[PDB]
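Have a look at coords13.txt; it's compact mmCIF, C-alpha atoms:
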# COMPACT_ATOMS: atom_id res chain seq x y z
CA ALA A 1 -11.79 9.02 -10.36
CA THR A 2 -12.16 10.18 -6.70
CA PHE A 3 -10.41 8.36 -3.82
CA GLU A 4 -11.29 9.29 -0.27
CA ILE A 5 -8.52 8.27 2.10
CA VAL A 6 -9.63 7.77 5.73
CA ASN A 7 -7.29 7.46 8.72
CA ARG A 8 -9.13 5.35 11.30
CA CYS A 9 -5.90 4.58 13.18
CA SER A 10 -5.44 5.99 16.67
CA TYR A 11 -2.14 7.54 15.52
CA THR A 12 -1.24 10.06 12.83
CA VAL A 13 -0.37 8.77 9.37
CA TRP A 14 1.08 10.70 6.49
CA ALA A 15 -0.81 9.44 3.41
CA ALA A 16 0.94 9.26 0.03
CA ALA A 17 -0.22 8.81 -3.53
CA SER A 18 2.02 8.42 -6.54
CA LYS A 19 2.36 6.67 -9.91
CA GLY A 20 6.13 6.32 -9.53
CA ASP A 21 7.22 9.22 -11.75
CA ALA A 22 4.54 11.73 -10.66
CA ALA A 23 2.52 12.67 -7.59
CA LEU A 24 -1.16 11.94 -7.67
CA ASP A 25 -2.95 15.14 -6.50
CA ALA A 26 -0.96 16.80 -3.74
CA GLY A 27 1.03 13.55 -3.43
CA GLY A 28 0.86 13.53 0.33
CA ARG A 29 -0.87 14.86 3.33
CA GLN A 30 -0.91 14.56 7.31
CA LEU A 31 -3.99 12.66 8.44
CA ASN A 32 -4.65 12.78 12.17
CA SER A 33 -6.91 10.16 13.68
CA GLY A 34 -10.28 10.38 11.97
CA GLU A 35 -9.31 12.77 9.22
CA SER A 36 -10.18 12.21 5.61
CA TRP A 37 -8.56 13.43 2.41
CA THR A 38 -10.27 13.39 -0.92
CA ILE A 39 -8.15 13.21 -3.98
CA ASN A 40 -8.61 13.35 -7.88
CA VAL A 41 -6.77 10.86 -10.00
CA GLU A 42 -6.83 11.07 -13.84
CA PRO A 43 -8.79 8.49 -15.75
CA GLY A 44 -6.30 6.11 -17.42
CA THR A 45 -3.74 6.28 -14.62
CA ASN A 46 -1.78 3.03 -14.73
CA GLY A 47 0.27 1.74 -11.79
CA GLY A 48 -0.92 4.14 -9.11
CA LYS A 49 -0.28 3.44 -5.43
CA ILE A 50 -1.55 4.78 -2.14
CA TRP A 51 0.12 4.05 1.22
CA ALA A 52 0.59 5.34 4.75
CA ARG A 53 3.78 6.57 6.36
CA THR A 54 4.49 6.43 10.08
CA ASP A 55 6.53 8.63 12.40
CA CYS A 56 7.39 11.47 10.12
CA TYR A 57 9.22 14.68 11.05
CA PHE A 58 8.87 17.50 8.46
CA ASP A 59 9.93 21.18 8.31
CA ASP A 60 7.99 24.21 7.00
CA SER A 61 9.53 23.52 3.53
CA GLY A 62 7.84 20.00 3.32
CA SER A 63 11.20 18.14 3.69
CA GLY A 64 12.08 15.58 6.31
CA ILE A 65 12.00 11.83 7.11
CA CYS A 66 9.43 9.07 7.96
CA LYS A 67 10.22 5.76 9.73
CA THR A 68 8.15 3.82 7.15
CA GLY A 69 7.23 4.62 3.56
CA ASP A 70 9.56 7.62 3.13
CA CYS A 71 9.49 8.99 -0.51
CA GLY A 72 12.87 10.69 -0.69
CA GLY A 73 12.23 12.93 2.31
CA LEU A 74 9.25 14.81 0.80
CA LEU A 75 5.75 15.42 2.17
CA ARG A 76 4.33 15.52 -1.31
CA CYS A 77 5.52 12.29 -2.75
CA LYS A 78 6.52 12.05 -6.42
CA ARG A 79 8.03 8.64 -6.21
CA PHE A 80 7.24 5.40 -4.37
CA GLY A 81 8.04 4.91 -0.74
CA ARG A 82 10.66 2.91 1.07
CA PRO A 83 9.47 -0.49 2.46
CA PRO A 84 7.81 -1.62 4.51
CA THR A 85 4.51 -0.42 3.13
CA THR A 86 1.12 -2.01 2.77
CA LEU A 87 0.10 -1.00 -0.83
CA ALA A 88 -3.19 0.04 -2.35
CA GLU A 89 -2.43 -0.30 -6.12
CA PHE A 90 -4.65 0.65 -9.02
CA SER A 91 -4.79 0.74 -12.80
CA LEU A 92 -7.97 2.52 -14.01
CA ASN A 93 -10.06 2.43 -17.27
CA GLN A 94 -7.91 -0.25 -18.86
CA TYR A 95 -10.05 -1.29 -21.83
CA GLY A 96 -13.18 -0.34 -19.96
CA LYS A 97 -12.22 -1.84 -16.53
CA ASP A 98 -10.44 -0.67 -13.36
CA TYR A 99 -8.07 -3.08 -11.56
CA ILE A 100 -7.53 -2.92 -7.72
CA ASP A 101 -5.35 -4.95 -5.31
CA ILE A 102 -3.67 -4.75 -1.89
CA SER A 103 -0.01 -5.86 -1.94
CA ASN A 104 2.30 -7.12 0.78
CA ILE A 105 5.20 -7.51 -1.75
CA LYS A 106 6.97 -4.48 -0.19
CA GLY A 107 6.06 -5.46 3.32
CA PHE A 108 3.45 -4.21 5.75
CA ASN A 109 3.24 -1.17 8.01
CA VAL A 110 -0.44 -0.21 8.55
CA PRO A 111 -3.58 -2.30 8.11
CA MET A 112 -5.79 -1.25 5.20
CA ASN A 113 -9.15 -1.60 3.53
CA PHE A 114 -9.37 -0.62 -0.21
CA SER A 115 -12.96 -0.56 -1.47
CA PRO A 116 -15.16 0.95 -4.16
CA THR A 117 -17.60 3.77 -3.25
CA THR A 118 -19.61 3.02 -6.47
CA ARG A 119 -21.39 -0.20 -7.68
CA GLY A 120 -20.26 -3.47 -9.18
CA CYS A 121 -17.25 -4.99 -7.40
CA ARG A 122 -16.10 -5.94 -3.94
CA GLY A 123 -13.32 -4.50 -1.83
CA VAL A 124 -10.23 -6.13 -0.32
CA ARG A 125 -8.67 -5.86 3.07
CA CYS A 126 -5.47 -6.73 5.00
CA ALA A 127 -6.18 -6.07 8.66
CA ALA A 128 -4.33 -8.70 10.67
CA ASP A 129 -1.56 -7.76 13.17
CA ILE A 130 1.29 -8.59 10.81
CA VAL A 131 3.60 -6.35 12.72
CA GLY A 132 2.98 -8.20 16.05
CA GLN A 133 3.46 -11.58 14.48
CA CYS A 134 6.28 -10.65 12.03
CA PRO A 135 9.21 -13.13 11.99
CA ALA A 136 12.24 -11.75 13.78
CA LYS A 137 14.39 -11.57 10.64
CA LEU A 138 11.77 -9.45 8.84
CA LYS A 139 11.07 -6.97 11.71
CA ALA A 140 11.97 -3.42 10.76
CA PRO A 141 13.50 -1.45 13.74
CA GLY A 142 11.63 1.62 12.43
CA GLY A 143 8.38 -0.17 12.71
CA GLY A 144 6.74 -2.60 10.29
CA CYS A 145 7.41 -5.94 8.79
CA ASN A 146 9.59 -6.05 5.70
CA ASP A 147 9.18 -8.52 2.95
CA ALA A 148 12.01 -10.96 2.28
CA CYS A 149 13.27 -9.40 -1.00
CA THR A 150 14.09 -6.24 0.98
CA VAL A 151 15.83 -8.15 3.75
CA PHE A 152 17.80 -10.78 1.81
CA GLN A 153 18.03 -9.59 -1.87
CA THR A 154 17.95 -13.10 -3.48
CA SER A 155 16.66 -14.09 -6.90
CA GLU A 156 14.05 -16.36 -5.19
CA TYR A 157 12.64 -13.62 -2.97
CA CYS A 158 12.67 -10.92 -5.66
CA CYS A 159 11.43 -13.21 -8.47
CA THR A 160 14.56 -11.89 -10.52
CA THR A 161 14.34 -14.33 -13.40
CA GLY A 162 10.56 -14.48 -13.46
CA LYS A 163 10.38 -17.97 -11.95
CA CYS A 164 10.06 -18.11 -8.23
CA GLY A 165 7.83 -20.03 -5.85
CA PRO A 166 6.17 -19.28 -2.55
CA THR A 167 8.55 -19.18 0.43
CA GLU A 168 8.34 -19.56 4.20
CA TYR A 169 8.21 -15.73 4.35
CA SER A 170 5.60 -15.25 1.63
CA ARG A 171 3.41 -17.82 3.32
CA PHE A 172 3.51 -15.86 6.53
CA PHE A 173 2.01 -12.79 4.80
CA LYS A 174 -0.49 -15.00 2.95
CA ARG A 175 -1.70 -16.83 6.09
CA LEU A 176 -2.51 -13.54 7.77
CA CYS A 177 -3.82 -11.75 4.67
CA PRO A 178 -5.08 -14.09 1.92
CA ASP A 179 -6.54 -11.26 -0.16
CA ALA A 180 -3.21 -9.37 -0.45
CA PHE A 181 -0.37 -10.29 -2.82
CA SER A 182 2.29 -12.13 -0.79
CA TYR A 183 5.04 -12.35 -3.54
CA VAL A 184 5.61 -11.27 -7.20
CA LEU A 185 3.97 -14.38 -8.75
CA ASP A 186 1.21 -15.18 -6.24
CA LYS A 187 -2.15 -16.28 -7.63
CA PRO A 188 -3.79 -12.83 -8.36
CA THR A 189 -6.17 -11.32 -5.88
CA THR A 190 -6.80 -8.43 -8.23
CA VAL A 191 -10.42 -7.16 -8.31
CA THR A 192 -12.08 -6.10 -11.53
CA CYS A 193 -14.32 -3.09 -11.18
CA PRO A 194 -16.26 -1.07 -13.73
CA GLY A 195 -14.23 1.62 -15.55
CA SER A 196 -14.21 5.02 -13.72
CA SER A 197 -15.28 3.63 -10.34
CA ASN A 198 -14.62 5.58 -7.16
CA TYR A 199 -13.08 4.17 -3.99
CA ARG A 200 -12.24 4.48 -0.29
CA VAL A 201 -8.79 3.73 1.20
CA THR A 202 -9.09 3.33 4.96
CA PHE A 203 -6.10 2.94 7.33
CA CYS A 204 -6.84 0.69 10.36
CA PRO A 205 -10.31 -0.31 9.23
CA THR A 206 -11.05 -2.40 12.31
CA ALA A 207 -9.45 -0.05 14.84
Structure re-expressed in structure tokens:
Amino acid sequence: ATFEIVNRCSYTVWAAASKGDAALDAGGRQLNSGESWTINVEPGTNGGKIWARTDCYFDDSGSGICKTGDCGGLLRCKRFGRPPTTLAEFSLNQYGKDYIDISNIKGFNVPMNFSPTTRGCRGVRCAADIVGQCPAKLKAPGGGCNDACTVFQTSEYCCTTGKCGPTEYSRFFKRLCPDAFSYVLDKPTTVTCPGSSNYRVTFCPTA
């Protein structure tokens, strides 16, 4: 499947793509304002994610640090990034269907639009100013708005036992972005698309 990733933000983002135990494609790349990066992802990839990183500093060897979404100090991510991170998540060709969602379960850093570029399903978006409105206890000094698991590490916020309810923090994310997952057991806002669809991940879709 082909994903085009578009930075429409007025600042540089360092895009990342991983399935947790492997890079997707190059795994990561600088995207200045307006730049686009097309990547291939294998059919059948299950549990892929795409996100943005902010305020990175990297050397000529591809090693360094980002203030959000850092994946162990690498440019070319092999693993998932450190919260907070708005998440494009995808499992493709699963019994003939592709599954897409935006998650706020690991917090929010950059607004995002995650849409097909082929026929037969709809896209989803989280574009509200979550960072401006973030509750003071969730605000990440590096930038972004952490989720409450990250901040407090309780069974209720991390849905440890598999029973958890919505919380004052989850409802904050949900009020601003209804179409994104706000906690582990939220009513699904997964979209079902035809198997082997293509897509567009855009950072700052309304800016």
Query raised in the report: So which one's closest to residue 117 in chain A, A:166, A:194, A:48, A:144? Using all atoms listed in the file, please.
Result: A:194
List as a Markdown table every residue of range 22-57 of chain A that is in contact with range 76-84 of chain A, defined as an atom at most 6 Å from one of its atoms (using only C-alpha atoms), together with the nearest atom pair and the distance in Å rounded to one decimal, sorted by chain and then rising number.
| residue | atom | partner | partner_atom | distance |
| --- | --- | --- | --- | --- |
| A:22 | CA | A:78 | CA | 4.7 |
| A:23 | CA | A:78 | CA | 4.2 |
| A:26 | CA | A:76 | CA | 6.0 |
| A:27 | CA | A:76 | CA | 4.4 |
| A:28 | CA | A:76 | CA | 4.3 |
Requested in this report: Work out how far apart CA of residue 113 in chain A and CA of residue 62 in chain A are and give it in Å to one decimal.
Outcome: 27.5 Å
Query raised in the report: Pick from A:179, A:129, A:168, A:25: nearest to residue 108 in chain A, with only C-alpha atoms counted?
Result: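 Checking each of A:179, A:129, A:168, A:25 against residue 108 in chain A, counting only C-alpha atoms, the winner is A:129.
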Long-range neighbours of residue 203 in chain A as a tab-separated table (two decimals) with C-alpha atoms, in the frame of the given file, 12 Å cut-off, all atoms listed in the file, 4 positions minimum in chain:
chain	number	residue	atom	x	y	z
A	4	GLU	CA	-11.29	9.29	-0.27
A	5	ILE	CA	-8.52	8.27	2.10
A	6	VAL	CA	-9.63	7.77	5.73
A	7	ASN	CA	-7.29	7.46	8.72
A	8	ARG	CA	-9.13	5.35	11.30
A	9	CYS	CA	-5.90	4.58	13.18
A	10	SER	CA	-5.44	5.99	16.67
A	11	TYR	CA	-2.14	7.54	15.52
A	12	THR	CA	-1.24	10.06	12.83
A	13	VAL	CA	-0.37	8.77	9.37
A	14	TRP	CA	1.08	10.70	6.49
A	15	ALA	CA	-0.81	9.44	3.41
A	16	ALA	CA	0.94	9.26	0.03
A	31	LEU	CA	-3.99	12.66	8.44
A	32	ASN	CA	-4.65	12.78	12.17
A	33	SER	CA	-6.91	10.16	13.68
A	34	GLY	CA	-10.28	10.38	11.97
A	35	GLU	CA	-9.31	12.77	9.22
A	36	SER	CA	-10.18	12.21	5.61
A	37	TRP	CA	-8.56	13.43	2.41
A	50	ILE	CA	-1.55	4.78	-2.14
A	51	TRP	CA	0.12	4.05	1.22
A	52	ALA	CA	0.59	5.34	4.75
A	53	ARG	CA	3.78	6.57	6.36
A	54	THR	CA	4.49	6.43	10.08
A	85	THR	CA	4.51	-0.42	3.13
A	86	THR	CA	1.12	-2.01	2.77
A	87	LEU	CA	0.10	-1.00	-0.83
A	88	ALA	CA	-3.19	0.04	-2.35
A	109	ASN	CA	3.24	-1.17	8.01
A	110	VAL	CA	-0.44	-0.21	8.55
A	111	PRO	CA	-3.58	-2.30	8.11
A	112	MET	CA	-5.79	-1.25	5.20
A	113	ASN	CA	-9.15	-1.60	3.53
A	114	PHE	CA	-9.37	-0.62	-0.21
A	115	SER	CA	-12.96	-0.56	-1.47
A	125	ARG	CA	-8.67	-5.86	3.07
A	126	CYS	CA	-5.47	-6.73	5.00
A	127	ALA	CA	-6.18	-6.07	8.66
A	207	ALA	CA	-9.45	-0.05	14.84
